Every structure is written in structure tokens, then in C-alpha cells.
file structure.csv (CSV, C-alpha atoms)
chain,number,residue,atom,x,y,z
A,1,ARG,CA,-52.5,30.1,-41.7
A,2,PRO,CA,-49.4,28.9,-43.7
A,3,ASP,CA,-49.7,30.1,-47.3
A,4,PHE,CA,-49.6,26.6,-48.9
A,5,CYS,CA,-52.8,25.6,-47.0
A,6,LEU,CA,-55.1,27.3,-49.5
A,7,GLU,CA,-53.5,25.7,-52.6
A,8,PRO,CA,-55.2,22.9,-54.5
A,9,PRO,CA,-53.8,19.4,-54.0
A,10,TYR,CA,-50.9,18.5,-56.3
A,11,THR,CA,-50.7,14.9,-57.6
A,12,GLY,CA,-47.4,15.6,-59.3
A,13,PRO,CA,-45.6,13.9,-62.2
A,14,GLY,CA,-45.2,10.5,-60.5
A,15,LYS,CA,-47.1,7.4,-61.6
A,16,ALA,CA,-47.9,6.1,-58.1
A,17,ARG,CA,-51.4,6.3,-56.6
A,18,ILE,CA,-50.9,6.9,-52.9
A,19,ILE,CA,-53.7,8.3,-50.8
A,20,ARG,CA,-52.8,11.5,-49.1
A,21,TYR,CA,-54.6,14.4,-47.4
A,22,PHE,CA,-54.9,18.1,-48.3
A,23,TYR,CA,-56.5,20.9,-46.2
A,24,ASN,CA,-59.6,22.0,-48.1
A,25,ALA,CA,-59.7,25.6,-46.8
A,26,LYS,CA,-63.3,26.2,-48.1
A,27,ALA,CA,-64.6,23.2,-46.1
A,28,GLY,CA,-62.3,23.7,-43.2
A,29,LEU,CA,-61.6,19.9,-43.2
A,30,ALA,CA,-59.0,17.5,-44.6
A,31,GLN,CA,-59.9,15.6,-47.7
A,32,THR,CA,-58.1,12.7,-49.5
A,33,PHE,CA,-56.5,12.9,-52.9
A,34,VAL,CA,-54.3,10.7,-55.1
A,35,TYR,CA,-50.5,11.5,-54.9
A,36,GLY,CA,-48.1,10.3,-57.5
A,37,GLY,CA,-45.3,9.5,-55.1
A,38,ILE,CA,-42.7,12.3,-55.8
A,39,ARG,CA,-42.3,16.1,-55.8
A,40,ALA,CA,-44.9,16.9,-53.2
A,41,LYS,CA,-46.3,20.4,-52.5
A,42,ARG,CA,-46.7,21.4,-48.9
A,43,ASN,CA,-50.5,20.9,-48.8
A,44,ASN,CA,-49.9,17.1,-48.6
A,45,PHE,CA,-50.2,15.2,-45.3
A,46,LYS,CA,-50.2,11.6,-44.3
A,47,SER,CA,-53.3,12.0,-42.1
A,48,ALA,CA,-56.3,14.2,-41.6
A,49,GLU,CA,-55.0,15.2,-38.1
A,50,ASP,CA,-51.7,16.5,-39.5
A,51,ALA,CA,-53.5,18.6,-42.1
A,52,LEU,CA,-55.7,20.2,-39.4
A,53,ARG,CA,-52.8,20.7,-36.9
A,54,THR,CA,-50.8,22.5,-39.6
A,55,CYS,CA,-53.5,24.3,-41.6
A,56,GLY,CA,-56.6,24.5,-39.4
A,57,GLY,CA,-55.8,28.0,-38.2
A,58,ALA,CA,-55.2,29.4,-34.7
call {"tool": "encode", "arguments": {"input": "structure.csv", "output": "C-alpha cells"}}
result
Amino acid sequence: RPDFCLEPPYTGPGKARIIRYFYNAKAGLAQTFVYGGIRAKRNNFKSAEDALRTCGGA
């Protein structure tokens, strides 16, 4: 699994409130979080399906 997939979500320093998805490795599912609009970490997807395709594991 890519190393970033186990990291907590990162809102970042931005003041926006955009709904993104992170892979929740303990649940094995994507979950929403609030993203501040700049300086994303890699555990940050626009859809559940992208989070699972990238981080769901072989």
C-alpha cells in the first residue's frame, strides 16, 4: 500500500472548506474531511473510488 495511505488527513493552512476524501486504513474505507484548499498531502482524493483504487491494497 503506498506509504501516505496510513497518514491522517491533512486540512492544511488554507482557509477554504472543500470536502475531500482520505483512506481510513483502520476502517478500510474512504471517509470525508475538510480540506483548506492548498498544500495537500497525498492521502487526499476527490472521490471515495479514487481513494480505494490508490490505497485499498492489492
call {"tool": "closest_residue", "arguments": {"input": "structure.csv", "among": "A:35, A:53, A:42, A:47", "to": "residue A:5", "atoms": "only C-alpha atoms"}}
result
A:42
call {"tool": "atom_distance", "arguments": {"input": "structure.csv", "atom1": "atom CA of residue A:9", "atom2": "atom CA of residue A:58"}}
result
21.8 Å
call {"tool": "closest_residue", "arguments": {"input": "structure.csv", "among": "A:37, A:18, A:8, A:1", "to": "residue A:52", "atoms": "only C-alpha atoms"}}
result
A:1
call {"tool": "closest_residue", "arguments": {"input": "structure.csv", "among": "A:29, A:16, A:3, A:10", "to": "residue A:49", "atoms": "only C-alpha atoms"}}
result
A:29
call {"tool": "atom_distance", "arguments": {"input": "structure.csv", "atom1": "atom CA of residue A:26", "atom2": "atom CA of residue A:39"}}
result
24.5 Å
call {"tool": "atom_distance", "arguments": {"input": "structure.csv", "atom1": "atom CA of residue A:28", "atom2": "atom CA of residue A:14"}}
result
27.7 Å
call {"tool": "closest_residue", "arguments": {"input": "structure.csv", "among": "A:11, A:57, A:46, A:40", "to": "residue A:25", "atoms": "only C-alpha atoms"}}
result
A:57
call {"tool": "closest_residue", "arguments": {"input": "structure.csv", "among": "A:38, A:48, A:19, A:27", "to": "residue A:6", "atoms": "only C-alpha atoms"}}
result
A:27
call {"tool": "closest_residue", "arguments": {"input": "structure.csv", "among": "A:7, A:22, A:15, A:31", "to": "residue A:45", "atoms": "all atoms listed in the file"}}
result
A:22
